[PDB]
$ cat data-v1.txt   # compact mmCIF, C-alpha atoms and all ligand atoms
# COMPACT_ATOMS: atom_id res chain seq x y z
CA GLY A 3 84.94 -2.34 278.92
CA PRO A 4 84.69 -1.53 275.22
CA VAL A 5 82.75 -3.86 272.94
CA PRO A 6 85.04 -5.76 270.53
CA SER A 7 85.03 -5.26 266.77
CA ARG A 8 86.15 -7.22 263.69
CA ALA A 9 86.51 -6.31 260.03
CA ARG A 10 83.51 -7.27 257.90
CA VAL A 11 85.81 -8.46 255.08
CA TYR A 12 89.21 -10.16 254.80
CA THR A 13 88.90 -11.01 258.46
CA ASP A 14 90.94 -14.23 258.39
CA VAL A 15 93.47 -13.71 255.60
CA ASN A 16 96.45 -13.70 257.97
CA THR A 17 95.31 -16.72 260.01
CA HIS A 18 95.34 -18.90 256.89
CA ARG A 19 98.60 -17.47 255.51
CA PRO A 20 101.82 -19.21 256.55
CA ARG A 21 103.28 -17.61 259.67
CA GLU A 22 106.23 -16.38 257.58
CA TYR A 23 103.81 -13.98 255.86
CA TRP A 24 102.87 -11.82 258.87
CA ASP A 25 105.59 -12.65 261.44
CA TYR A 26 107.79 -9.81 260.21
CA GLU A 27 110.07 -9.92 263.27
CA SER A 28 111.46 -13.19 261.85
CA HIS A 29 112.04 -11.82 258.34
CA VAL A 30 115.58 -12.15 256.99
CA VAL A 31 116.47 -9.16 254.82
CA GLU A 32 118.11 -10.00 251.49
CA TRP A 33 120.66 -7.26 250.83
CA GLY A 34 121.48 -5.85 247.42
CA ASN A 35 124.69 -4.17 246.34
CA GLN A 36 124.89 -0.67 247.77
CA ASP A 37 127.35 0.49 245.12
CA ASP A 38 124.66 0.01 242.45
CA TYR A 39 122.99 3.28 243.51
CA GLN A 40 124.38 6.82 243.39
CA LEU A 41 122.44 9.52 245.24
CA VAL A 42 121.56 12.53 243.06
CA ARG A 43 119.48 14.93 245.16
CA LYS A 44 117.68 15.06 248.48
CA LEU A 45 113.91 15.14 248.04
CA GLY A 46 112.68 15.30 251.62
CA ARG A 47 113.07 14.23 255.22
CA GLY A 48 110.54 12.89 257.69
CA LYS A 49 110.95 11.94 261.32
CA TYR A 50 111.77 8.34 260.32
CA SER A 51 113.72 8.70 257.04
CA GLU A 52 115.52 10.77 254.42
CA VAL A 53 114.41 10.38 250.78
CA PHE A 54 116.70 10.88 247.77
CA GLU A 55 116.48 10.73 244.02
CA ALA A 56 119.20 8.39 242.80
CA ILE A 57 120.44 6.59 239.71
CA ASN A 58 120.88 2.83 239.37
CA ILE A 59 124.24 2.60 237.58
CA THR A 60 123.59 -0.97 236.37
CA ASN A 61 120.85 0.27 234.02
CA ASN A 62 121.19 4.10 234.26
CA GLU A 63 117.58 4.28 235.42
CA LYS A 64 116.23 6.70 237.98
CA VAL A 65 115.20 5.32 241.38
CA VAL A 66 114.30 6.75 244.78
CA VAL A 67 116.21 5.79 247.92
CA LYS A 68 114.64 5.94 251.38
CA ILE A 69 117.35 5.82 254.06
CA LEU A 70 115.62 4.86 257.31
CA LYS A 71 116.47 6.88 260.37
CA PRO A 72 117.47 4.64 263.31
CA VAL A 73 114.18 3.10 264.47
CA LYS A 74 113.57 -0.29 266.07
CA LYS A 75 114.28 -3.35 263.92
CA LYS A 76 110.65 -4.50 264.05
CA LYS A 77 109.34 -1.28 262.49
CA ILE A 78 112.02 -1.57 259.80
CA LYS A 79 111.23 -5.23 259.16
CA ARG A 80 107.49 -4.46 259.22
CA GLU A 81 107.73 -1.95 256.37
CA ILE A 82 110.13 -4.21 254.44
CA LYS A 83 107.93 -7.29 254.83
CA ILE A 84 104.77 -5.42 253.87
CA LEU A 85 106.40 -3.97 250.73
CA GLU A 86 107.64 -7.43 249.72
CA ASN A 87 104.23 -9.01 250.42
CA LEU A 88 102.42 -6.38 248.31
CA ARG A 89 104.98 -6.11 245.50
CA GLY A 90 103.47 -6.29 242.02
CA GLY A 91 99.95 -5.49 243.27
CA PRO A 92 97.84 -2.87 241.46
CA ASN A 93 99.24 0.62 242.05
CA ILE A 94 101.49 -0.48 244.94
CA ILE A 95 104.89 1.21 244.85
CA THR A 96 107.54 -1.33 243.82
CA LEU A 97 110.42 -2.03 246.21
CA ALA A 98 113.27 -2.74 243.79
CA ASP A 99 116.07 -3.39 246.30
CA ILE A 100 117.29 -3.02 249.88
CA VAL A 101 120.87 -2.00 250.64
CA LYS A 102 122.89 -1.18 253.74
CA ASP A 103 123.83 2.50 253.69
CA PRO A 104 127.45 2.88 254.89
CA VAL A 105 126.96 6.38 256.36
CA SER A 106 123.70 5.94 258.25
CA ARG A 107 124.40 2.28 259.10
CA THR A 108 120.68 1.63 258.47
CA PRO A 109 118.76 -0.01 255.61
CA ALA A 110 118.03 2.07 252.52
CA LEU A 111 114.95 1.04 250.52
CA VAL A 112 115.19 1.47 246.75
CA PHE A 113 111.92 2.22 244.93
CA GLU A 114 110.85 2.51 241.33
CA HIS A 115 110.95 6.18 240.40
CA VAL A 116 107.64 7.95 239.85
CA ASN A 117 107.82 11.13 237.78
CA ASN A 118 105.01 12.61 239.80
CA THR A 119 103.19 15.82 238.99
CA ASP A 120 103.38 18.72 241.41
CA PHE A 121 100.84 18.05 244.15
CA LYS A 122 99.54 21.62 244.18
CA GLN A 123 99.36 21.51 240.38
CA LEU A 124 97.35 18.29 240.75
CA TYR A 125 94.90 19.70 243.27
CA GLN A 126 94.34 22.82 241.17
CA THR A 127 93.81 21.19 237.74
CA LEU A 128 92.27 17.72 238.19
CA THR A 129 88.87 17.54 236.50
CA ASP A 130 85.69 15.82 237.58
CA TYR A 131 86.68 12.95 235.29
CA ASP A 132 90.26 12.88 236.64
CA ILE A 133 89.09 12.72 240.27
CA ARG A 134 86.82 9.76 239.54
CA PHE A 135 89.59 8.05 237.54
CA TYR A 136 92.23 8.41 240.24
CA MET A 137 89.83 7.55 243.07
CA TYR A 138 89.24 4.27 241.27
CA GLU A 139 93.00 3.76 240.97
CA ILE A 140 93.45 4.34 244.72
CA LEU A 141 90.65 1.86 245.44
CA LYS A 142 92.46 -0.81 243.41
CA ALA A 143 95.48 -0.35 245.68
CA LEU A 144 93.44 -0.36 248.90
CA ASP A 145 91.32 -3.36 247.98
CA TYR A 146 94.57 -5.17 247.12
CA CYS A 147 96.38 -4.48 250.38
CA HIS A 148 93.25 -5.12 252.46
CA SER A 149 92.74 -8.42 250.61
CA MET A 150 96.36 -9.19 251.49
CA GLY A 151 95.76 -8.65 255.22
CA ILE A 152 97.31 -5.19 255.48
CA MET A 153 95.99 -1.75 256.39
CA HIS A 154 97.89 1.32 255.22
CA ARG A 155 96.94 3.67 258.11
CA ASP A 156 98.45 6.78 256.47
CA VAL A 157 96.31 7.47 253.41
CA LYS A 158 96.73 11.15 252.51
CA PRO A 159 97.42 13.20 249.36
CA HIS A 160 101.21 13.22 249.76
CA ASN A 161 101.31 9.39 249.83
CA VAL A 162 99.42 9.12 246.53
CA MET A 163 101.99 9.76 243.82
CA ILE A 164 100.53 10.67 240.41
CA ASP A 165 102.40 10.79 237.09
CA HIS A 166 99.61 12.65 235.33
CA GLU A 167 101.38 12.39 231.95
CA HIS A 168 100.92 8.60 231.96
CA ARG A 169 97.84 8.56 234.23
CA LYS A 170 99.88 6.41 236.61
CA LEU A 171 99.25 6.27 240.36
CA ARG A 172 101.25 4.68 243.18
CA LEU A 173 100.40 4.41 246.87
CA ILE A 174 103.63 5.02 248.84
CA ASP A 175 105.06 5.21 252.42
CA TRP A 176 104.08 1.89 253.97
CA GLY A 177 106.00 2.84 257.15
CA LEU A 178 102.82 2.98 259.25
CA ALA A 179 101.16 -0.04 257.61
CA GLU A 180 100.23 -3.07 259.71
CA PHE A 181 98.92 -6.60 259.47
CA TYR A 182 95.24 -6.96 260.42
CA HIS A 183 94.62 -9.65 263.05
CA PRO A 184 91.05 -9.97 264.41
CA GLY A 185 90.85 -8.85 268.02
CA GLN A 186 94.21 -7.06 267.98
CA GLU A 187 94.39 -3.66 269.64
CA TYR A 188 96.43 -1.14 267.64
CA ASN A 189 98.13 2.16 268.33
CA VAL A 190 95.75 5.05 267.65
CA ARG A 191 98.70 7.42 266.98
CA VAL A 192 98.68 6.81 263.22
CA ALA A 193 97.71 8.91 260.17
CA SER A 194 98.01 12.65 259.68
CA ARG A 195 95.65 14.67 261.90
CA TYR A 196 93.25 15.72 259.11
CA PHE A 197 92.79 12.11 257.93
CA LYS A 198 92.45 10.36 261.32
CA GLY A 199 89.28 8.30 261.60
CA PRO A 200 86.80 8.82 264.46
CA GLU A 201 87.99 5.49 265.91
CA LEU A 202 91.45 6.98 266.48
CA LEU A 203 90.02 10.24 267.83
CA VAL A 204 87.91 8.44 270.46
CA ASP A 205 90.75 6.04 271.40
CA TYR A 206 89.13 2.86 270.05
CA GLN A 207 92.02 0.50 269.40
CA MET A 208 90.35 -2.55 267.81
CA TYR A 209 90.09 -0.97 264.34
CA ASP A 210 90.69 -2.41 260.87
CA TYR A 211 90.98 -1.77 257.11
CA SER A 212 87.98 0.57 257.31
CA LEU A 213 90.27 3.27 258.81
CA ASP A 214 91.74 3.77 255.32
CA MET A 215 88.25 4.34 253.93
CA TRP A 216 87.64 7.30 256.25
CA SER A 217 90.99 8.78 255.17
CA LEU A 218 90.05 8.26 251.53
CA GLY A 219 86.75 10.03 252.20
CA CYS A 220 88.62 12.99 253.67
CA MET A 221 90.66 13.17 250.46
CA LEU A 222 87.54 12.96 248.28
CA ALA A 223 85.82 15.74 250.24
CA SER A 224 88.86 18.01 249.87
CA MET A 225 88.94 17.42 246.11
CA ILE A 226 85.26 17.76 245.14
CA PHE A 227 84.67 20.71 247.52
CA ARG A 228 88.01 22.53 246.94
CA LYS A 229 88.88 22.75 250.62
CA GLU A 230 92.20 21.13 251.58
CA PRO A 231 92.18 19.71 254.11
CA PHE A 232 88.45 19.31 254.56
CA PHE A 233 88.37 18.69 258.35
CA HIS A 234 90.98 21.24 259.46
CA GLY A 235 91.49 20.73 263.20
CA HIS A 236 94.03 22.60 265.31
CA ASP A 237 94.78 19.44 267.34
CA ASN A 238 93.37 15.93 267.77
CA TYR A 239 90.53 17.15 270.02
CA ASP A 240 89.49 20.00 267.75
CA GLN A 241 89.77 17.48 264.90
CA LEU A 242 86.83 15.49 266.29
CA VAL A 243 84.82 18.69 266.92
CA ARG A 244 85.37 19.67 263.27
CA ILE A 245 83.97 16.31 262.19
CA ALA A 246 81.05 16.53 264.64
CA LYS A 247 80.04 19.93 263.23
CA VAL A 248 79.36 18.13 259.91
CA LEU A 249 78.26 14.62 260.90
CA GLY A 250 76.46 15.84 264.05
CA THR A 251 76.88 15.00 267.70
CA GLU A 252 73.92 12.60 268.08
CA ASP A 253 75.43 10.04 265.69
CA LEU A 254 78.79 10.50 267.43
CA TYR A 255 77.13 9.49 270.70
CA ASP A 256 75.41 6.58 268.93
CA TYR A 257 78.86 5.44 267.73
CA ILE A 258 80.62 5.52 271.09
CA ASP A 259 77.52 4.06 272.78
CA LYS A 260 77.47 1.10 270.38
CA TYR A 261 81.07 0.22 271.30
CA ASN A 262 80.57 1.13 274.98
CA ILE A 263 83.27 3.85 274.55
CA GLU A 264 83.56 6.93 276.77
CA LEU A 265 84.72 10.28 275.40
CA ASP A 266 87.66 12.01 277.00
CA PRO A 267 86.01 14.37 279.56
CA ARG A 268 88.00 17.20 278.00
CA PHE A 269 85.31 17.25 275.28
CA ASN A 270 82.64 18.33 277.81
CA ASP A 271 83.61 21.98 277.33
CA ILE A 272 84.34 22.01 273.59
CA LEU A 273 82.07 19.52 271.77
CA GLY A 274 78.74 21.33 271.82
CA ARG A 275 75.52 20.11 270.19
CA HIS A 276 75.45 19.94 266.38
CA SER A 277 72.92 18.74 263.85
CA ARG A 278 74.03 16.51 260.98
CA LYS A 279 74.47 18.59 257.83
CA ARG A 280 73.45 17.94 254.24
CA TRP A 281 76.44 17.76 251.92
CA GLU A 282 74.88 20.34 249.56
CA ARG A 283 75.82 22.97 252.18
CA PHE A 284 79.44 22.77 250.92
CA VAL A 285 78.62 23.24 247.21
CA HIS A 286 79.26 26.68 245.69
CA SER A 287 79.92 28.20 242.29
CA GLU A 288 83.66 27.46 242.44
CA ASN A 289 83.34 23.72 243.11
CA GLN A 290 80.02 22.72 241.55
CA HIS A 291 81.67 21.37 238.39
CA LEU A 292 83.15 18.61 240.59
CA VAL A 293 79.93 17.81 242.48
CA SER A 294 77.24 15.38 241.33
CA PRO A 295 74.54 13.45 243.18
CA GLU A 296 76.70 10.35 242.67
CA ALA A 297 79.73 12.07 244.25
CA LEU A 298 77.76 13.22 247.28
CA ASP A 299 76.18 9.81 247.88
CA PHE A 300 79.57 8.09 247.54
CA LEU A 301 81.21 10.55 249.95
CA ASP A 302 78.31 10.14 252.39
CA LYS A 303 78.90 6.38 252.38
CA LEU A 304 82.64 6.68 253.14
CA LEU A 305 82.39 9.28 255.92
CA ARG A 306 80.55 7.34 258.65
CA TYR A 307 81.48 7.49 262.34
CA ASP A 308 80.92 3.74 262.64
CA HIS A 309 83.92 2.08 260.97
CA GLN A 310 81.73 -1.00 260.48
CA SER A 311 79.25 1.04 258.35
CA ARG A 312 81.69 2.47 255.78
CA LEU A 313 81.90 1.10 252.25
CA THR A 314 84.66 -1.44 251.82
CA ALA A 315 87.15 -0.77 249.03
CA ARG A 316 85.45 -3.42 246.86
CA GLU A 317 81.95 -2.06 247.54
CA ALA A 318 83.22 1.43 246.75
CA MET A 319 84.38 0.28 243.31
CA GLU A 320 80.79 -0.82 242.60
CA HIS A 321 79.41 2.70 243.18
CA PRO A 322 77.58 4.62 240.40
CA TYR A 323 80.15 7.44 240.83
CA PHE A 324 82.52 5.29 238.74
CA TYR A 325 80.09 4.40 235.95
CA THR A 326 81.50 7.20 233.76
CA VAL A 327 85.14 6.08 234.24
CA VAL A 328 86.44 4.11 231.26
CA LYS A 329 87.38 0.61 232.35
CA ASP A 330 90.42 -1.09 230.89
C1 LIG A 401 109.23 11.09 246.53
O1 LIG A 401 109.28 10.36 245.33
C2 LIG A 401 109.09 8.98 245.44
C3 LIG A 401 108.84 8.38 246.65
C4 LIG A 401 108.67 7.00 246.69
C5 LIG A 401 108.39 6.25 247.96
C6 LIG A 401 108.45 6.65 249.21
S1 LIG A 401 108.95 8.06 249.94
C7 LIG A 401 108.73 7.76 251.57
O2 LIG A 401 108.93 8.45 252.51
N1 LIG A 401 108.16 6.35 251.76
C8 LIG A 401 107.98 5.64 250.30
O3 LIG A 401 107.55 4.55 250.12
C9 LIG A 401 108.74 6.23 245.54
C10 LIG A 401 108.98 6.83 244.33
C11 LIG A 401 109.15 8.20 244.29
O4 LIG A 401 109.40 8.81 243.07

$ encode --input "data-v1.txt" --output "structure tokens" --more "lines below"
Ligand SMILES: COc1cc(/C=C2\SC(=O)NC2=O)ccc1O
Amino acid sequence: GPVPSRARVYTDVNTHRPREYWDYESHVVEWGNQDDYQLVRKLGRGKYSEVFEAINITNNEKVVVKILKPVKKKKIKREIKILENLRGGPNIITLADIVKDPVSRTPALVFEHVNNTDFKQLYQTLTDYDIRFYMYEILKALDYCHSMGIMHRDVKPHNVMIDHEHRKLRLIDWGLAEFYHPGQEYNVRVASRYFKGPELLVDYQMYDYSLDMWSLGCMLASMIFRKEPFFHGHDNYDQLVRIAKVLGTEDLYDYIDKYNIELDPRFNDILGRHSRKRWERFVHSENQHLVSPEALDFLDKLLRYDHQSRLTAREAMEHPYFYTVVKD
């Protein structure tokens, strides 16, 4: 069978926490007063929720309300428990309340409002300095939730809300997040296609916090190289081929061989043979103001096939890429 794997950091946080902390199926939701919140406008709709801008009429402050579409009580309690566990942590979105919506007959999560800048505006105008600054802010959030026993599993640009006017960042949509338990096998059907780690694409279930670091690397590559998304696969199989055309097929085989993993035979016809590329291949006159030796080395150290070889969030914050970022 496949060789087992454990996280190289924060391996035992949940074992030494009280069972109440991670046993989310036993969580008892504390309900607020639904009439405190008046919906103002629909902002979006996923497959698991509808999101609204609203006003809290007890302080006339803006909030955002996420009305969960009927999903199983464990997935609802999982998101709720994780948000409560992480509340107040650096750059974690704040769950302000939970109310029972009378129309949907499901829970509606009430978040602090973030006056976020247009995402396309953000992609187009962030500077070299901005990218380093906000990457550091994301790493604060990821080191926090990893240190708290939780992996996000859906790191992508649309879940990183940025109020550029106040240089404020919040990591949102914990609905795919999970507690990390050593030896646990997890569903590989997480994350958006372009941000899925090699472990998901080869069906390796015993993964950990390091999945988020691959996703973060995919974001970094899209920003410094001006190609969004960077690995642009047409499906989950082509997604791994896109990665292998950059990282090379020989290290892909080293990865699956280390964990005694077998590729889906459907790759026999599509994978090919590819050398590993040097990152300078993706530099050109329209992105070179965002590229530095420090940026390329940092990216190189996030985007490893072997989840065990990637920088941890804490290690990443030590990287020379961030030396120029003003610390508070
Ligand atoms: C879309 O504007 C916001 C969204 C959120 C949080 C969300 S939205 C979703 O689907 N899951 C979350 O945690 C919080 C503040 C906002 O201003």

$ atom_distance --input "data-v1.txt" --atom1 "atom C10 of ligand LIG 401 (chain A)" --atom2 "atom CA of residue 113 of chain A"
5.5 Å

$ residues_around --input "data-v1.txt" --residues "residue 249 of chain A" --least-positions-apart "2" --cutoff "9 Å" --atoms "only C-alpha atoms" --output "PyMOL selection string"
chain A and resi 245-247+251-254+276-280+305-307

$ axis_aligned_box --input "data-v1.txt" --around "segment 154-165 of chain A" --padding-each-side "8 Å" --output "AutoDock Vina command-line options"
--center_x 99.4 --center_y 7.3 --center_z 247.6 --size_x 22.1 --size_y 27.9 --size_z 37.0

$ residues_near_ligand --input "data-v1.txt" --ligand "ligand LIG 401 (chain A)" --cutoff "10 Å" --atoms "only C-alpha atoms and all ligand atoms" --output "ChimeraX atom specification"
/A:44-56,64-70,81,85,94-97,111-118,160-165,172-178

$ atom_distance --input "data-v1.txt" --atom1 "atom CA of residue 145 of chain A" --atom2 "atom CA of residue 214 of chain A"
10.2 Å

$ atom_distance --input "data-v1.txt" --atom1 "atom CA of residue 261 of chain A" --atom2 "atom CA of residue 208 of chain A"
10.3 Å

$ residues_around --input "data-v1.txt" --residues "residue 244 of chain A" --least-positions-apart "6" --cutoff "10 Å" --atoms "all atoms listed in the file" --output "PyMOL selection string"
chain A and resi 196+232-236+238+250+273

$ write_last_selection --input "data-v1.txt" --atoms "C-alpha atoms" --output "short mmCIF file (atom, residue, chain, number, x, y, z; two decimals), in the frame of the given file"
data_model
loop_
_atom_site.label_atom_id
_atom_site.label_comp_id
_atom_site.auth_asym_id
_atom_site.auth_seq_id
_atom_site.Cartn_x
_atom_site.Cartn_y
_atom_site.Cartn_z
CA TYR A 196 93.25 15.72 259.11
CA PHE A 232 88.45 19.31 254.56
CA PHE A 233 88.37 18.69 258.35
CA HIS A 234 90.98 21.24 259.46
CA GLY A 235 91.49 20.73 263.20
CA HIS A 236 94.03 22.60 265.31
CA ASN A 238 93.37 15.93 267.77
CA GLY A 250 76.46 15.84 264.05
CA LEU A 273 82.07 19.52 271.77
#

$ closest_residue --input "data-v1.txt" --among "A:272, A:100, A:310, A:296" --to "residue 215 of chain A" --atoms "all atoms listed in the file"
A:310

$ residues_around --input "data-v1.txt" --residues "residue 269 of chain A" --least-positions-apart "3" --cutoff "10 Å" --atoms "all atoms listed in the file" --output "VMD selection string"
chain A and resid 239 to 240 242 to 243 265 to 266 272 to 274

$ decode --input "data-v1.txt" --residues "segment 109-141 of chain A" --atoms "C-alpha atoms" --output "CSV table (one decimal), in the first residue's frame"
chain,number,residue,atom,x,y,z
A,109,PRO,CA,-27.8,28.6,9.9
A,110,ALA,CA,-26.7,32.0,8.7
A,111,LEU,CA,-23.1,33.0,9.7
A,112,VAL,CA,-22.6,36.7,10.3
A,113,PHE,CA,-19.1,38.1,9.5
A,114,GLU,CA,-17.3,41.3,10.0
A,115,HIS,CA,-17.6,43.3,6.8
A,116,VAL,CA,-14.5,43.8,4.7
A,117,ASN,CA,-14.6,46.7,2.3
A,118,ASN,CA,-12.4,44.7,-0.1
A,119,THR,CA,-10.9,46.1,-3.2
A,120,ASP,CA,-11.9,44.8,-6.6
A,121,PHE,CA,-10.0,41.6,-7.2
A,122,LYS,CA,-9.1,42.4,-10.8
A,123,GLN,CA,-8.1,45.9,-9.7
A,124,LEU,CA,-5.9,44.2,-7.1
A,125,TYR,CA,-4.2,41.8,-9.5
A,126,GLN,CA,-3.6,44.6,-12.0
A,127,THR,CA,-2.1,47.2,-9.6
A,128,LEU,CA,-0.3,45.5,-6.7
A,129,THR,CA,3.4,46.4,-6.7
A,130,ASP,CA,6.4,44.3,-5.9
A,131,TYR,CA,6.3,45.8,-2.4
A,132,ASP,CA,2.5,45.1,-2.1
A,133,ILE,CA,2.9,41.5,-3.1
A,134,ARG,CA,5.5,40.9,-0.5
A,135,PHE,CA,3.5,42.7,2.1
A,136,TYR,CA,0.3,40.8,1.5
A,137,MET,CA,2.1,37.4,1.2
A,138,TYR,CA,3.4,38.0,4.7
A,139,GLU,CA,-0.1,38.8,5.9
A,140,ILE,CA,-1.4,35.6,4.4
A,141,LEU,CA,1.4,33.7,6.1
